[PDB]
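Participant: This is the content of query_14.txt (compact mmCIF, C-alpha atoms and all ligand atoms):
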# COMPACT_ATOMS: atom_id res chain seq x y z
CA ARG A 1 7.70 -4.62 -37.42
CA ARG A 2 5.32 -7.53 -36.97
CA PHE A 3 3.92 -9.34 -40.00
CA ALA A 4 0.61 -7.56 -39.37
CA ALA A 5 2.20 -4.39 -40.80
CA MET A 6 2.62 -5.96 -44.24
CA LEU A 7 -1.18 -5.99 -44.46
CA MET B 1 29.38 -5.09 -18.34
CA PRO B 2 26.65 -7.08 -16.59
CA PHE B 3 25.11 -5.09 -19.45
CA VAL B 4 22.62 -2.93 -17.57
CA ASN B 5 24.70 -1.07 -14.99
CA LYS B 6 22.05 -0.76 -12.27
CA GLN B 7 18.54 -1.63 -11.15
CA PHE B 8 16.60 1.54 -11.97
CA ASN B 9 13.32 2.32 -10.29
CA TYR B 10 11.17 4.83 -12.14
CA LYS B 11 11.03 6.96 -8.99
CA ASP B 12 14.83 7.06 -8.66
CA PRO B 13 16.02 10.70 -8.42
CA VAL B 14 17.38 12.29 -11.59
CA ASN B 15 21.14 12.81 -11.59
CA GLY B 16 21.51 14.38 -15.02
CA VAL B 17 23.82 11.54 -16.03
CA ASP B 18 21.89 8.27 -16.35
CA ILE B 19 18.57 9.37 -14.92
CA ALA B 20 17.33 12.64 -16.39
CA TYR B 21 14.61 14.60 -18.17
CA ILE B 22 15.10 14.92 -21.92
CA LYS B 23 13.62 16.15 -25.17
CA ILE B 24 13.43 14.16 -28.41
CA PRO B 25 13.80 16.39 -31.49
CA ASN B 26 10.18 17.25 -32.30
CA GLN B 29 7.64 21.86 -28.50
CA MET B 30 7.33 19.01 -26.01
CA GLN B 31 7.55 18.97 -22.23
CA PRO B 32 10.56 16.98 -20.98
CA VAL B 33 10.15 13.33 -20.00
CA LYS B 34 12.06 11.12 -17.59
CA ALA B 35 14.53 8.82 -19.34
CA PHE B 36 17.03 6.21 -18.20
CA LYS B 37 20.40 5.36 -19.66
CA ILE B 38 20.63 1.64 -19.07
CA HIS B 39 23.88 1.39 -20.99
CA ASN B 40 26.31 3.50 -22.97
CA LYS B 41 24.39 4.90 -25.96
CA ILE B 42 21.15 3.17 -24.90
CA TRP B 43 18.20 4.97 -23.30
CA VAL B 44 14.74 3.92 -22.19
CA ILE B 45 11.80 6.33 -22.17
CA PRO B 46 8.88 4.73 -20.27
CA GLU B 47 6.24 6.87 -22.00
CA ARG B 48 3.72 6.39 -24.79
CA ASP B 49 5.32 7.65 -27.99
CA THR B 50 3.35 10.78 -28.87
CA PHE B 51 6.35 12.76 -30.15
CA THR B 52 8.43 11.04 -32.84
CA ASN B 53 5.48 11.40 -35.23
CA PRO B 54 3.42 14.56 -35.88
CA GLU B 55 0.65 12.43 -37.40
CA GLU B 56 0.82 10.38 -34.18
CA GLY B 57 0.24 12.61 -31.17
CA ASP B 58 -2.92 10.98 -29.81
CA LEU B 59 -4.06 7.79 -28.05
CA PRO B 61 -7.92 4.58 -31.30
CA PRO B 62 -8.78 5.89 -34.80
CA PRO B 63 -12.23 5.35 -36.44
CA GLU B 64 -11.19 2.57 -38.83
CA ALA B 65 -8.75 0.88 -36.44
CA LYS B 66 -8.02 -2.81 -36.91
CA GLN B 67 -9.04 -5.31 -34.25
CA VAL B 68 -7.24 -7.80 -32.05
CA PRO B 69 -4.85 -9.38 -32.66
CA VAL B 70 -3.50 -6.97 -35.30
CA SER B 71 -3.97 -3.79 -33.27
CA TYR B 72 -4.95 -3.03 -29.68
CA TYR B 73 -5.88 0.23 -28.01
CA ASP B 74 -5.96 1.51 -24.43
CA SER B 75 -5.13 5.17 -23.87
CA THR B 76 -4.75 4.34 -20.18
CA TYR B 77 -1.67 2.14 -20.65
CA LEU B 78 1.63 3.54 -19.29
CA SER B 79 0.00 6.53 -17.58
CA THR B 80 0.92 5.87 -13.95
CA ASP B 81 4.33 5.64 -12.26
CA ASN B 82 3.73 2.00 -11.30
CA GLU B 83 3.21 1.12 -14.96
CA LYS B 84 6.28 3.06 -16.05
CA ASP B 85 8.39 1.44 -13.35
CA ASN B 86 7.11 -1.94 -14.51
CA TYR B 87 7.70 -1.08 -18.17
CA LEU B 88 11.24 0.00 -17.31
CA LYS B 89 12.04 -3.16 -15.36
CA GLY B 90 10.53 -5.33 -18.10
CA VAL B 91 12.64 -3.80 -20.84
CA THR B 92 15.70 -4.15 -18.61
CA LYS B 93 15.03 -7.85 -18.03
CA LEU B 94 14.73 -8.50 -21.77
CA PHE B 95 18.05 -6.78 -22.48
CA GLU B 96 19.70 -8.99 -19.88
CA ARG B 97 17.98 -12.05 -21.36
CA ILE B 98 19.18 -11.14 -24.85
CA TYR B 99 22.68 -10.29 -23.60
CA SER B 100 22.94 -13.60 -21.74
CA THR B 101 23.18 -15.31 -25.14
CA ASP B 102 26.34 -15.28 -27.25
CA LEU B 103 24.30 -14.12 -30.22
CA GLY B 104 22.64 -11.37 -28.18
CA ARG B 105 25.91 -10.31 -26.59
CA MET B 106 27.30 -9.72 -30.11
CA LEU B 107 24.24 -7.95 -31.52
CA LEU B 108 24.15 -5.62 -28.52
CA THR B 109 27.85 -4.89 -28.94
CA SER B 110 27.46 -4.13 -32.63
CA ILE B 111 24.64 -1.78 -31.64
CA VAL B 112 26.64 0.14 -29.06
CA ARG B 113 29.49 0.41 -31.57
CA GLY B 114 27.10 1.48 -34.30
CA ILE B 115 27.35 5.21 -33.69
CA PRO B 116 25.56 7.18 -36.43
CA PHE B 117 28.14 8.78 -38.72
CA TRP B 118 29.00 12.45 -38.24
CA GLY B 119 27.99 13.51 -41.72
CA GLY B 120 25.85 16.52 -40.84
CA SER B 121 28.19 19.20 -42.22
CA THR B 122 28.13 21.32 -45.37
CA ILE B 123 31.93 21.42 -45.56
CA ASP B 124 33.19 17.99 -46.61
CA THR B 125 36.36 18.33 -44.51
CA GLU B 126 34.32 18.99 -41.38
CA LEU B 127 32.92 16.29 -39.12
CA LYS B 128 29.65 17.38 -37.54
CA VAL B 129 27.10 15.33 -35.65
CA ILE B 130 23.55 15.32 -36.99
CA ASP B 131 21.27 16.80 -34.33
CA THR B 132 18.49 14.25 -34.85
CA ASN B 133 20.98 11.65 -33.60
CA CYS B 134 21.10 13.28 -30.17
CA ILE B 135 18.74 14.07 -27.34
CA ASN B 136 18.66 17.23 -25.29
CA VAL B 137 19.39 16.43 -21.65
CA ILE B 138 18.28 18.85 -18.96
CA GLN B 139 20.99 20.22 -16.69
CA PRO B 140 20.75 21.72 -13.15
CA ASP B 141 20.34 25.31 -14.43
CA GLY B 142 17.57 24.35 -16.83
CA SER B 143 20.02 24.47 -19.72
CA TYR B 144 20.16 21.51 -22.10
CA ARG B 145 23.18 19.54 -23.27
CA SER B 146 23.07 17.56 -26.51
CA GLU B 147 24.02 13.91 -26.13
CA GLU B 148 24.73 11.25 -28.74
CA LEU B 149 22.81 8.01 -28.46
CA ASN B 150 22.28 5.00 -30.70
CA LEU B 151 19.07 3.47 -29.40
CA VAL B 152 15.96 4.51 -27.51
CA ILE B 153 13.36 2.07 -26.22
CA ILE B 154 10.01 3.85 -26.00
CA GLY B 155 6.39 3.03 -25.22
CA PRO B 156 4.09 2.47 -28.21
CA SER B 157 1.84 5.16 -29.66
CA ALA B 158 -1.96 4.77 -29.95
CA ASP B 159 -1.71 1.17 -31.20
CA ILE B 160 -0.01 -0.62 -28.31
CA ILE B 161 1.25 -3.55 -30.39
CA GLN B 162 2.51 -1.62 -33.39
CA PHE B 163 6.15 -2.44 -32.51
CA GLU B 164 8.66 -0.87 -34.91
CA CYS B 165 11.92 0.99 -35.46
CA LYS B 166 11.59 4.69 -36.20
CA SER B 167 14.26 7.31 -36.81
CA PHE B 168 14.37 10.98 -37.77
CA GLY B 169 15.11 11.78 -41.39
CA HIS B 170 17.35 14.25 -43.16
CA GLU B 171 16.52 16.95 -45.70
CA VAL B 172 19.15 15.60 -48.09
CA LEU B 173 20.45 12.28 -46.70
CA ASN B 174 19.06 8.74 -46.48
CA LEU B 175 20.71 7.94 -43.16
CA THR B 176 19.38 4.39 -42.82
CA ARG B 177 20.49 3.46 -46.35
CA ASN B 178 23.75 5.30 -47.10
CA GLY B 179 26.02 3.68 -44.53
CA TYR B 180 25.73 6.58 -42.07
CA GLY B 181 23.04 5.22 -39.79
CA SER B 182 20.79 7.22 -37.47
CA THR B 183 19.51 7.03 -33.89
CA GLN B 184 16.83 4.35 -33.65
CA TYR B 185 13.63 4.72 -31.65
CA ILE B 186 11.96 1.39 -30.93
CA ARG B 187 8.29 1.48 -30.05
CA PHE B 188 7.87 -1.62 -27.91
CA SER B 189 6.10 -3.00 -24.85
CA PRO B 190 7.22 -5.73 -22.39
CA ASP B 191 3.64 -6.00 -21.11
CA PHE B 192 2.02 -7.62 -24.14
CA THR B 193 2.84 -10.51 -26.45
CA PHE B 194 1.19 -12.65 -29.09
CA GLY B 195 -0.26 -16.10 -29.52
CA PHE B 196 1.00 -17.61 -32.76
CA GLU B 197 -0.04 -20.52 -34.98
CA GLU B 198 -1.00 -22.73 -33.57
CA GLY B 211 -3.24 -19.06 -30.81
CA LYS B 212 -2.28 -21.30 -27.91
CA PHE B 213 1.47 -20.56 -27.71
CA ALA B 214 2.77 -17.12 -26.79
CA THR B 215 5.78 -15.47 -28.41
CA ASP B 216 8.66 -14.85 -26.00
CA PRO B 217 8.90 -11.05 -25.66
CA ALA B 218 12.68 -11.39 -25.79
CA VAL B 219 12.38 -12.65 -29.35
CA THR B 220 10.09 -9.76 -30.30
CA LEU B 221 12.55 -7.19 -28.95
CA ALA B 222 15.48 -8.91 -30.67
CA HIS B 223 13.58 -8.73 -33.93
CA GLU B 224 13.43 -4.94 -33.49
CA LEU B 225 17.05 -4.78 -32.35
CA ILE B 226 18.03 -6.46 -35.61
CA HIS B 227 16.19 -3.84 -37.64
CA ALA B 228 17.95 -1.21 -35.54
CA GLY B 229 21.25 -2.96 -36.22
CA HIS B 230 20.65 -2.58 -39.96
CA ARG B 231 19.59 1.05 -39.63
CA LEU B 232 22.44 2.01 -37.33
CA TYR B 233 24.92 0.88 -39.99
CA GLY B 234 23.02 2.52 -42.84
CA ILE B 235 22.42 -0.80 -44.57
CA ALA B 236 18.66 -1.03 -44.15
CA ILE B 237 16.79 -1.95 -47.32
CA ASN B 238 14.07 0.30 -48.73
CA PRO B 239 10.64 -1.01 -47.60
CA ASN B 240 9.54 -0.57 -51.21
CA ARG B 241 11.81 -3.49 -52.10
CA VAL B 242 9.50 -6.47 -51.78
CA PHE B 243 9.37 -10.14 -52.72
CA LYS B 244 6.31 -12.12 -53.77
CA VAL B 245 5.87 -14.94 -51.28
CA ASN B 246 2.30 -16.34 -51.29
CA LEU B 256 1.77 -11.80 -51.13
CA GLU B 257 4.45 -9.11 -50.99
CA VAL B 258 6.88 -8.81 -48.10
CA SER B 259 9.80 -6.40 -47.78
CA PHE B 260 13.35 -7.65 -48.34
CA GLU B 261 14.18 -6.06 -44.97
CA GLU B 262 11.72 -8.19 -42.95
CA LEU B 263 12.40 -11.51 -44.67
CA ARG B 264 16.10 -11.15 -43.95
CA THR B 265 15.43 -9.90 -40.43
CA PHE B 266 13.56 -13.13 -39.70
CA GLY B 267 15.99 -15.29 -41.68
CA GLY B 268 15.82 -19.05 -41.26
CA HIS B 269 13.24 -20.63 -43.54
CA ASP B 270 12.41 -17.26 -45.10
CA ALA B 271 15.87 -16.84 -46.62
CA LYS B 272 14.58 -18.92 -49.52
CA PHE B 273 12.42 -16.00 -50.66
CA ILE B 274 15.38 -13.67 -51.08
CA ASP B 275 16.93 -13.19 -54.52
CA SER B 276 20.66 -13.85 -54.03
CA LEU B 277 21.60 -11.59 -56.94
CA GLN B 278 19.97 -8.56 -55.33
CA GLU B 279 21.46 -9.74 -52.06
CA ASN B 280 24.89 -9.49 -53.62
CA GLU B 281 24.19 -6.20 -55.38
CA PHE B 282 23.38 -4.58 -52.03
CA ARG B 283 26.54 -6.01 -50.48
CA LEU B 284 28.81 -4.49 -53.12
CA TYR B 285 26.72 -1.33 -52.89
CA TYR B 286 27.33 -0.90 -49.15
CA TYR B 287 30.99 -1.82 -49.40
CA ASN B 288 31.28 1.29 -51.59
CA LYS B 289 29.35 3.43 -49.11
CA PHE B 290 31.87 2.36 -46.46
CA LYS B 291 34.62 3.48 -48.83
CA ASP B 292 32.91 6.88 -49.03
CA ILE B 293 32.96 7.04 -45.24
CA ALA B 294 36.59 5.95 -45.10
CA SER B 295 37.43 8.51 -47.77
CA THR B 296 35.56 11.20 -45.84
CA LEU B 297 37.47 10.33 -42.68
CA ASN B 298 40.70 10.74 -44.63
CA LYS B 299 39.67 14.19 -45.86
CA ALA B 300 38.55 15.39 -42.41
CA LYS B 301 40.31 18.47 -41.06
CA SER B 302 37.93 19.80 -38.41
CA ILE B 303 35.20 18.68 -36.03
CA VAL B 304 32.29 20.21 -34.08
CA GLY B 305 31.75 19.45 -30.41
CA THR B 306 34.22 19.03 -27.51
CA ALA B 308 38.01 15.04 -28.26
CA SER B 309 38.31 15.01 -30.93
CA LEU B 310 38.72 14.37 -34.60
CA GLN B 311 41.30 11.63 -34.08
CA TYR B 312 39.08 9.98 -31.46
CA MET B 313 36.02 10.09 -33.72
CA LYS B 314 38.07 8.56 -36.53
CA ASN B 315 38.96 5.69 -34.22
CA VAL B 316 35.32 5.38 -33.19
CA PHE B 317 34.28 5.02 -36.82
CA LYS B 318 37.28 2.85 -37.65
CA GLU B 319 35.87 0.39 -35.14
CA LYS B 320 32.27 0.74 -36.27
CA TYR B 321 32.97 -0.01 -39.92
CA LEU B 322 35.99 -2.19 -39.10
CA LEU B 323 38.24 -0.03 -41.28
CA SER B 324 41.93 -0.78 -41.74
CA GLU B 325 44.42 1.93 -40.83
CA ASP B 326 47.80 2.26 -42.54
CA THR B 327 51.07 3.65 -41.15
CA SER B 328 50.26 7.10 -42.51
CA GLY B 329 47.03 6.81 -40.52
CA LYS B 330 44.94 6.77 -43.70
CA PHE B 331 41.82 4.57 -43.66
CA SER B 332 40.56 1.98 -46.13
CA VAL B 333 37.99 -0.81 -46.17
CA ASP B 334 39.31 -4.33 -45.57
CA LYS B 335 37.33 -6.78 -47.72
CA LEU B 336 37.56 -9.62 -45.22
CA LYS B 337 36.58 -7.52 -42.22
CA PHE B 338 33.74 -6.03 -44.26
CA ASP B 339 32.34 -9.39 -45.38
CA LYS B 340 32.34 -10.64 -41.79
CA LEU B 341 30.74 -7.49 -40.41
CA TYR B 342 28.16 -7.40 -43.20
CA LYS B 343 27.27 -11.08 -42.87
CA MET B 344 26.98 -10.74 -39.12
CA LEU B 345 24.44 -7.94 -39.42
CA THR B 346 22.43 -9.33 -42.32
CA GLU B 347 22.30 -13.11 -41.85
CA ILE B 348 23.70 -14.02 -38.44
CA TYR B 349 21.61 -11.61 -36.36
CA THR B 350 18.19 -13.01 -37.28
CA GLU B 351 15.03 -13.84 -35.38
CA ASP B 352 15.31 -17.49 -36.39
CA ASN B 353 18.84 -17.72 -34.99
CA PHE B 354 17.82 -16.03 -31.75
CA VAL B 355 15.08 -18.63 -31.33
CA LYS B 356 17.75 -21.33 -31.49
CA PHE B 357 19.79 -19.61 -28.78
CA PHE B 358 16.78 -19.02 -26.52
CA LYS B 359 15.51 -22.54 -27.20
CA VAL B 360 11.92 -21.29 -27.06
CA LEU B 361 8.87 -21.97 -29.18
CA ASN B 362 8.43 -19.47 -32.01
CA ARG B 363 6.87 -19.11 -35.45
CA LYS B 364 9.02 -20.89 -38.05
CA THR B 365 8.27 -18.21 -40.64
CA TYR B 366 7.65 -14.47 -40.69
CA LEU B 367 4.47 -15.03 -42.69
CA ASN B 368 2.58 -16.27 -39.67
CA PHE B 369 -0.49 -14.45 -38.41
CA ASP B 370 -0.74 -13.73 -34.72
CA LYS B 371 -4.00 -15.32 -33.61
CA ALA B 372 -4.25 -13.55 -30.26
CA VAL B 373 -2.77 -10.93 -27.95
CA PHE B 374 -2.08 -11.34 -24.24
CA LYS B 375 -1.36 -8.97 -21.37
CA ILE B 376 1.59 -10.31 -19.40
CA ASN B 377 3.93 -9.46 -16.56
CA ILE B 378 7.52 -10.65 -16.86
CA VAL B 379 8.87 -8.54 -13.99
CA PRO B 380 8.24 -10.97 -11.11
CA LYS B 381 11.03 -13.57 -11.23
CA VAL B 382 8.44 -16.28 -10.56
CA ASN B 383 6.85 -15.29 -13.88
CA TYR B 384 9.80 -14.93 -16.24
CA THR B 385 13.56 -15.21 -15.95
CA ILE B 386 16.54 -13.86 -17.84
CA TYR B 387 17.47 -17.49 -18.48
CA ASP B 388 14.29 -19.43 -19.22
CA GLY B 389 11.81 -16.74 -20.16
CA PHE B 390 8.37 -18.18 -19.42
CA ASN B 391 9.53 -21.80 -19.26
CA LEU B 392 11.01 -21.66 -15.75
CA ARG B 393 13.27 -24.52 -14.73
CA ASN B 394 12.37 -26.24 -11.47
CA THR B 395 8.66 -25.72 -12.19
CA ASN B 396 5.86 -27.56 -13.98
CA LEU B 397 6.44 -25.00 -16.73
CA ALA B 398 9.89 -26.36 -17.54
CA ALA B 399 8.96 -29.04 -20.07
CA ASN B 400 7.37 -28.89 -23.53
CA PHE B 401 7.30 -25.08 -23.52
CA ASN B 402 4.54 -25.30 -20.91
CA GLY B 403 5.49 -21.78 -19.88
CA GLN B 404 4.57 -20.52 -23.34
CA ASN B 405 1.33 -22.51 -23.34
CA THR B 406 -1.33 -19.93 -22.52
CA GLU B 407 -3.76 -22.68 -21.47
CA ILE B 408 -1.26 -24.38 -19.17
CA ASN B 409 0.47 -21.28 -17.77
CA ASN B 410 -2.93 -19.62 -17.57
CA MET B 411 -2.15 -17.19 -14.74
CA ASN B 412 0.58 -15.50 -16.79
CA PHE B 413 -1.56 -14.50 -19.76
CA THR B 414 -4.77 -12.51 -20.16
CA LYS B 415 -6.31 -12.80 -23.63
CA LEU B 416 -7.41 -9.43 -25.01
CA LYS B 417 -10.88 -8.64 -26.39
NI NI C 501 8.40 -23.21 -47.11
ZN ZN C 502 10.05 -6.28 -38.46
Can the structure from this file be put into structure tokens for me?
Facilitator:
Amino acid sequence: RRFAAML
Amino acid sequence: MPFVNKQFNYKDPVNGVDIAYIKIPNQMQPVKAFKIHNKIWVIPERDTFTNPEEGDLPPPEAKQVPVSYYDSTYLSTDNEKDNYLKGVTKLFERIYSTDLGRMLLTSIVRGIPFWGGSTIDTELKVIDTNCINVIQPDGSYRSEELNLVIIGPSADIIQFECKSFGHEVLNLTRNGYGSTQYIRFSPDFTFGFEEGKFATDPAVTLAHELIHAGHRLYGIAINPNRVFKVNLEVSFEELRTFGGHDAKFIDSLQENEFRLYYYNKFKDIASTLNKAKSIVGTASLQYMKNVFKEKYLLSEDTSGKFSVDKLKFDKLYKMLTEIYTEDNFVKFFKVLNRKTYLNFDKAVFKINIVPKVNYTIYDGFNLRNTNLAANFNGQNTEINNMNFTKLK
């Protein structure tokens, strides 16, 4: 998963 | 292998062996899939199966570029699917062409999900969600083991991720068993990162996912609920997947507690192999024992009994958890890349890596013998401006 998915 | 054993075209005739129609444990209509390598399949379709809550193509409160991106039209024609297929193929070859990638891919092929789907503890049975149903000439299906499926994204085209089917009573990705990994991914988009002038090499983005899949295939993935404050909370799993600079954020004590933990889980598997008396399927209990001996690098004594070798375990474990990392892949590819995981994409670009004048197995975007060779010009979306289309 891309960092975007931590947000 | 040259890795991928042939140049598939999406229109190539099915042969029921490496080009066929399949089902993925859901009823769904069959879709055309391609085995590009032992245990590895590619389904050039938008993923509207693997999730019940995800069987459509943009929701009301959807995020904007460059976090999410929507286009229900993407991957709906045979030309697109053929292109998708050839893109994914290229990236596998690009990854495989590196020593690091060669190893990761080998660990993945070897990483067959454990046969722990039986009620009797002396019986080895495959878990059905680790297979696909492959259509045969009479319209009958045959179940086939696989480790990895590359599939088109769902509604959100750039929501790349590893997904796998669960178990009523087993945590396959976390108990050392592993399960078949479905990677939502697209070769036709990438991201501009800080600082977003420079585009991420799609080979790096796939490798990232392959590393997650590595973890999950060996049942050593870390619960996403396990996070570390970073400043912001990020999962243990991602920080270690990226590696490099980010390693600093990982508590070494927990790191060691998981290691001992999974050494034990491998003992369980060894112990189970020792107690095995029967198997389901067609070869062979002895053959499956050897398969798993190799996966978990178990040691076999003269009486044929299995045990975990501490050295071999430490090497295997280290390989999967801190050698296969995004940061390390960057080094091998010698491309430009974010130096940390905590880096916001600043843009999204439509690309096309299939033409060899656009992107090569060896240089990615930064083709040698072109103006794009130096200073990562190939990754510079302002300089290599015909290879990138900024989205919305
Ligand atoms: Ni720092
Ligand atoms: Zn990730």
Participant: Could you please select, counting only C-alpha atoms, the residues of chain B within 7 Å of chain A and state them as a list in words?
Facilitator: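 Using only C-alpha atoms, chain B residues at most 7 Å from chain A: residues 70, 163, 164, 224, 258, 366, 367 and 369 of chain B.
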Participant: Would you please work out which residue, of B:263, B:107, B:137, B:378, is nearest to residue 403 of chain B when using only C-alpha atoms?
Facilitator: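 Residue with the minimum atom-to-atom distance to residue 403 of chain B: B:378.
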Participant: List every residue of chain B that has an atom at most 12 Å from any atom of ligand NI 501 (chain C), giving for each one its closest atom pair and the distance in Å to one decimal, counting only C-alpha atoms and all ligand atoms, sorted by chain and then by ascending residue number, as a Markdown table.
Facilitator:
| residue | atom | partner | partner_atom | distance |
| --- | --- | --- | --- | --- |
| B:245 | CA | C:NI501 | NI | 9.6 |
| B:246 | CA | C:NI501 | NI | 10.1 |
| B:268 | CA | C:NI501 | NI | 10.3 |
| B:269 | CA | C:NI501 | NI | 6.5 |
| B:270 | CA | C:NI501 | NI | 7.5 |
| B:271 | CA | C:NI501 | NI | 9.8 |
| B:272 | CA | C:NI501 | NI | 7.9 |
| B:273 | CA | C:NI501 | NI | 9.0 |
| B:364 | CA | C:NI501 | NI | 9.4 |
| B:365 | CA | C:NI501 | NI | 8.2 |
| B:366 | CA | C:NI501 | NI | 10.9 |
| B:367 | CA | C:NI501 | NI | 10.1 |
| B:368 | CA | C:NI501 | NI | 11.7 |
Participant: By how many Å are atom CA of residue 235 of chain B and atom CA of residue 323 of chain B apart?
Facilitator: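 Going from atom CA of residue 235 of chain B over to atom CA of residue 323 of chain B covers 16.2 Å.
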Participant: I'd like to know which of B:175, B:116, B:240, B:61 is closest to residue 76 of chain B, using only C-alpha atoms.
Facilitator: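 Of the candidates, the smallest distance to residue 76 of chain B is held by B:61.
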Participant: Just the number, please: distance in Å from atom CA of residue 243 of chain B to atom CA of residue 359 of chain B, one decimal.
Facilitator: 29.0 Å
Participant: Grab the atom CA of residue 39 of chain B to atom CA of residue 179 of chain B distance for me, in Å with one decimal place.
Facilitator: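 One can read the atom CA of residue 39 of chain B to atom CA of residue 179 of chain B distance as 23.7 Å.
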Participant: Excluding residue 412 of chain B and residues on its chain fewer than 6 positions from it, collect all residues at most 7 Å away from it, counting all atoms listed in the file, and give them as a PyMOL selection string.
Facilitator: chain B and resi 376-377+383
Participant: Given the choices B:42, B:165, B:33, B:232, which gets closest to ligand ZN 502 (chain C) if the distance is worked out from only C-alpha atoms and all ligand atoms?
Facilitator: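 Looking at the shortest contact to ligand ZN 502 (chain C), the residue is B:165.
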Participant: Could you add whatever atoms are missing so that chain A carries N, CA and C atoms, then write the result as a tab-separated table (two decimals), in the frame of the given file?
Facilitator:
chain	number	residue	atom	x	y	z
A	1	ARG	N	9.14	-4.56	-37.24
A	1	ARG	CA	7.70	-4.62	-37.42
A	1	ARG	C	7.17	-6.04	-37.50
A	2	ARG	N	6.00	-6.24	-36.91
A	2	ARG	CA	5.32	-7.53	-36.97
A	2	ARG	C	4.71	-7.72	-38.35
A	3	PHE	N	4.50	-8.98	-38.71
A	3	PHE	CA	3.92	-9.34	-40.00
A	3	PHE	C	2.62	-8.60	-40.29
A	4	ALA	N	1.87	-8.28	-39.24
A	4	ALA	CA	0.61	-7.56	-39.37
A	4	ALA	C	0.78	-6.28	-40.19
A	5	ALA	N	1.96	-5.67	-40.14
A	5	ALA	CA	2.20	-4.39	-40.80
A	5	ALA	C	2.44	-4.51	-42.30
A	6	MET	N	2.50	-5.74	-42.80
A	6	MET	CA	2.62	-5.96	-44.24
A	6	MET	C	1.23	-6.01	-44.87
A	7	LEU	N	0.21	-5.92	-44.02
A	7	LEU	CA	-1.18	-5.99	-44.46
A	7	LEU	C	-1.98	-4.74	-44.11
